[PDB]
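Coming up, as structure tokens: structure 1 and structure 2, two forms of one and the same protein chain.
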Structure 1
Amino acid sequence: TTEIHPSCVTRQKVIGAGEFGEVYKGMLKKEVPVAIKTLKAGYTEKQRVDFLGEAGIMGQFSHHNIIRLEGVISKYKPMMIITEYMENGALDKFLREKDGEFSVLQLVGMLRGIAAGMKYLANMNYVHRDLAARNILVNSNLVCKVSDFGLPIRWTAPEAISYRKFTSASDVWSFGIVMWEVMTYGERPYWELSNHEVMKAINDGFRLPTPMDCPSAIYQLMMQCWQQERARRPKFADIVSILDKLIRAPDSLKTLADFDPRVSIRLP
């Protein structure tokens, strides 16, 4: 994996926490902004294996919709994982701060990009296990990049919760939840239901209702991601294909699913 010399890296601001270190925004040497995850003195053998293993898997991904690794510092302490930096930050916070500001076509385009990144990961035999809008970064072209910042009952498929079966098909369930997050501008899935109430509702057959202003085709697709039977869910190749066809014939997105009102206002 590309080894970066520490003299080329400047840590500027803390932006998060790692498993045994912090996460920073900084600059990498024509300076480019970067995000930097460190592994601090005293880390265990397993932590080092997991940290360098993470850099190793990230280094082999090369896709428009997957966060790009700039390189690693392994020859000096503290060790570092260095990625490109996305000014617009995480998708969930981004949408909540930009409520109502995008077109349907822009929102669906974000979903196609996420789906393309997930198709790539699944094809590379990588199961994400924590796909959610909080783990997707947005650049200044509105391009979404699948990432994993570490630690999600309400995003997780029933078989993964029940017996720890994490596969690309449980990632498809999570993707359906991400579709709902995007189309609602970052609403909390299942609102104030507790984790136990969410699992009970899912087991009883209930599913998230349609977002406001949501294309019928998009709601139909997210519903098929939430089939109880894992084998019936679309594969990521199916999701990408459908989203690409809807975008390329954008009148297909003008037909909206009915929104169930929770509140009735009667006026003359």
Structure 2
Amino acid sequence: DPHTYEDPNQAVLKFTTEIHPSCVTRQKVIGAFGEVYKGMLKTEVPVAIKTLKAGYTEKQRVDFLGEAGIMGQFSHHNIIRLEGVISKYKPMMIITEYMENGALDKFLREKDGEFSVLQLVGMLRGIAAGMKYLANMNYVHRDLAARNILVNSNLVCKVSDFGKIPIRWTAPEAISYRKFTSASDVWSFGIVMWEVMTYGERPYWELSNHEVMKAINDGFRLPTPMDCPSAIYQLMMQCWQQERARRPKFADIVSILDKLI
């Protein structure tokens, strides 16, 4: 093994392609850790470009580049594509494919009421296909939420982002015992289904994180969204079983949604 000894800032680059700075053009800021730009990549394709905020430590630099390193391990229709990274130069950049419709939760809020049930279920199916791929790769995500899904022009949804925890989206056993598995991702997927079917309502509304923690252990579950088919809500309820072994697996979820479509 030539990599018995390795610098962590090199280890995280393994599944990435190094891109020369002359190949990349940032054109405008589209989001704001650090900033997100819309740009072009000469390979000319449109891309999203993430940079790291000035003053970062080496640890933050490794964590930043490691995001690209995780993304680069994956190749699936419903997982955001990594074009490459600029790591040898400043500012450092993570270059990914451009997604015209931005984050799923924001998208649904802006297009509220505008999709058919079939289109919404199609989005959920793509997310589920992405998560089945991750689960099969033995990757436990821990932050599955509509804000971490990107949407392109064809409404294809891709998982795009890879102890503070996202309390509203996290399974009870993970909040209580830090027990994160694919089955806790399944719980999160149930929350995402609810975010989708309500067109981007915040899970548990204005309830505080503490009220949510208490509610879910008391057996409270989010109620059916308006106009949500009962089979869709029933699947949500299965994803939110208190006993994680009772939740369906992602392969089961994909099959269930396919039969619905």
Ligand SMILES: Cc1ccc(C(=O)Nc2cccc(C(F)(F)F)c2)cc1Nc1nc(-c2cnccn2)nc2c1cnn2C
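For clarity, a rigid core is taken as the largest C-alpha set superposing within 1.5 Å between two forms. For residue numbers, the reference is structure 1: its sequence is counted from 1.
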Q: Can you spot the form deposited without the named molecule among structures 1 and 2?
A: 2
Q. Which one of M58, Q47, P209, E84 sits right at the hinge when the rigid parts move between structures 1 and 2?
A. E84
(Q) Treating the chain as two rigid parts, how far in degrees does the smaller one rotate relative to the larger between structures 1 and 2? (A) 12
Q) Upon rigid core superposition, what is the positional shift of the Cα of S74 between structures 1 and 2, expressed in Å to one decimal? A) 3.5
Q: Could you check how much the CA of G117 shifts between structures 1 and 2 after a rigid core fit, in angstrom?
A: 0.2
**Q.** Inter-form CA displacement between structures 1 and 2 at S62 - rigid core frame, Å
**A.** 1.0
